[PDB]
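Participant: My sequence and its experimental structure, below.
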Amino acid sequence: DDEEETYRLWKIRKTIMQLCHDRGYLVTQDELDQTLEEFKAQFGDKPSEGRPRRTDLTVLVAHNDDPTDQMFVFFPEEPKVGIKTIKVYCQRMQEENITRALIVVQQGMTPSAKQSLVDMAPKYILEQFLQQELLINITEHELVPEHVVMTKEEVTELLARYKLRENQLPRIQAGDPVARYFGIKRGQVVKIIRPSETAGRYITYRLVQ
DNA sequence: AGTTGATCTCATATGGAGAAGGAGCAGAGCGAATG
């Protein structure tokens, strides 16, 4: 029971570190490859005993390109997170001056909390993940090809090369599992590199909608 | 400027699949009123 919850927490942490590394936040190799017994050593083996508390699991990371661009990962203790908890995180983000955070929720989020993530979105970007959808890194699955988020300059070069408008690219939904993983917003473009049985390799581009 | 006549026209008699709307209803959370 605690042997199950500690395994879940470890897997979720591993996936979150992989996600942060793929978003380009500075993540050490040691924490990226931390084993289950090392997790038990650092945080504990009886989360029902409060060892760890899920408040202990919180992560803070900084971007490789700018040490002031920082992101939290929060693991709320309550199963169904309400607006009180979002307000607590908003306060903590305001005082630490952190604009991005991921909120990992065990069972869900209340309608009011969902709307509160929308209504603060320009200044503080809060994202919801279920813990279930973090128990496996979907980008390691064999059906999912390599996704690379493009820079604005690279999109301008793309559109200038093929002489096309953004609306002529094929789309990806902002709610797509992989778009959510990379955290890409409307109007960004993701380069996709996939093998092909007739050319050898093929690149395609999707505009987020 | 005045006169004729066809002709029209009224009126008389006796399977299934997906999508969309509504009601039920649970329950979040806001604000007033305590106690």
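Facilitator: Happy to help now that I have it. Numbers count the residues shown, from 1 in each chain, chains lettered A, B, ... in the order given.
Participant: tell me the contacts of the closest residue to residue A:204 other than its chain neighbours?
Facilitator: Sequence neighbours aside, residue A:192 is the residue nearest to residue A:204 in space, at 4.8 Å (criterion: C-beta to C-beta, 6 or more residues apart in numbering). C-betas here are computed from N, CA, C, even on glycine. For residue A:192, the contact set (C-beta atoms under 8 Å, 6 or more residues apart in numbering) comprises A:145-148, A:203-206.
Participant: any idea how far residue A:14 is from residue A:33?
Facilitator: 8 Å (C-beta to C-beta, to the nearest Å).
Participant: Name the nearest residue to the closest residue to DNA strand B within chain A, sequence neighbours excluded.
Facilitator: Using C-beta to the nearest atom of the strand, the closest approach of chain A to DNA strand B is made by residue A:82 at 2.9 Å. Take residue A:82 and drop its neighbours on the chain: the residue closest to it by C-beta to C-beta, 6+ apart is residue A:110, 4.5 Å away.
Participant: Could you verify my assumption that that neighbour touches residue A:78?
Facilitator: No - with contacts counted by C-beta atoms under 8 Å, residue A:110 stays clear of residue A:78, the gap being 10.2 Å.
Participant: Between the two, which is the more surrounded one?
Facilitator: residue A:110 (16 against 12; other C-beta atoms under 10 Å).
Participant: picking up where we left off before, my reading is that the residue nearest to residue A:204 lies in a helix. Confirm?
Facilitator: No - Residue A:192 is assigned strand when assessed by DSSP: H, G, I helix; E, B strand; the rest coil, not a helix.
Participant: so is the residue nearest the centre of chain A in a helix, a strand, or just coil?
Facilitator: The residue lying closest to the centre of chain A (C-alpha atoms, centre = their mean) is residue A:181, at 4.6 Å. Using three-state DSSP, the secondary structure recorded for residue A:181 is helix.
Participant: Assess the claim that it and residue A:21 are in contact.
Facilitator: No - with contact defined as C-beta under 8 Å, residue A:181 does not reach residue A:21; the gap is 11.8 Å.
Participant: List the contacts of residue A:93.
Facilitator: A:72, A:99, A:101, A:124.
Participant: State the helix or strand in which it lies.
Facilitator: Element membership of residue A:93 [criterion: DSSP states H and E] is helix A:83-96.
Participant: following that helix, which helix or strand shows up next?
Facilitator: strand A:100-105.
Participant: Domains in chain A, by residue range?
Facilitator: A:1-136, A:137-209 (CATH domains of a matching chain).
Participant: Could you check how far the last one is from the centre of its chain?
Facilitator: Read that as domain A:137-209. In this view, domain A:137-209 has its centroid 17 Å away from the chain centroid, taken as C-alpha atoms, centre = their mean, to the nearest Å.
Participant: Give me the helices and strands touching the biggest helix by length in chain A, please.
Facilitator: In chain A, with assignment by DSSP state H, the single longest helix is helix A:2-22. Here helix A:2-22 touches helix A:29-32, helix A:36-43, strand A:59-62, strand A:70-74, strand A:100-105, helix A:177-182, going by 3 or more C-beta pairs under 8 Å, 6 or more residues apart in numbering; DSSP states H and E.
Participant: got the CA positions of it in PDB?
Facilitator: This file holds the C-alpha atoms of helix A:2-22, laid out as PDB (Å, rounded to 0.1, in the frame of the first residue of the first chain):
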ATOM      1  CA  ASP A   2       2.800   2.400   0.900                       C
ATOM      2  CA  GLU A   3       4.900   0.200  -1.400                       C
ATOM      3  CA  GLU A   4       2.400   1.200  -4.100                       C
ATOM      4  CA  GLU A   5       2.200   4.900  -3.300                       C
ATOM      5  CA  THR A   6       5.900   5.300  -3.100                       C
ATOM      6  CA  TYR A   7       6.300   3.600  -6.500                       C
ATOM      7  CA  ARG A   8       3.600   5.900  -7.900                       C
ATOM      8  CA  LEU A   9       5.300   9.000  -6.500                       C
ATOM      9  CA  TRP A  10       8.700   7.900  -7.800                       C
ATOM     10  CA  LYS A  11       7.400   7.200 -11.300                       C
ATOM     11  CA  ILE A  12       5.500  10.500 -11.400                       C
ATOM     12  CA  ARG A  13       8.600  12.400 -10.300                       C
ATOM     13  CA  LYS A  14      10.800  10.700 -12.900                       C
ATOM     14  CA  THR A  15       8.300  11.600 -15.600                       C
ATOM     15  CA  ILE A  16       8.200  15.200 -14.400                       C
ATOM     16  CA  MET A  17      12.000  15.500 -14.400                       C
ATOM     17  CA  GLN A  18      12.000  14.100 -18.000                       C
ATOM     18  CA  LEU A  19       9.300  16.600 -19.000                       C
ATOM     19  CA  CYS A  20      11.200  19.500 -17.400                       C
ATOM     20  CA  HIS A  21      14.400  18.400 -19.200                       C
ATOM     21  CA  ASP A  22      12.500  18.200 -22.500                       C
END
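Participant: Done for today, thanks.
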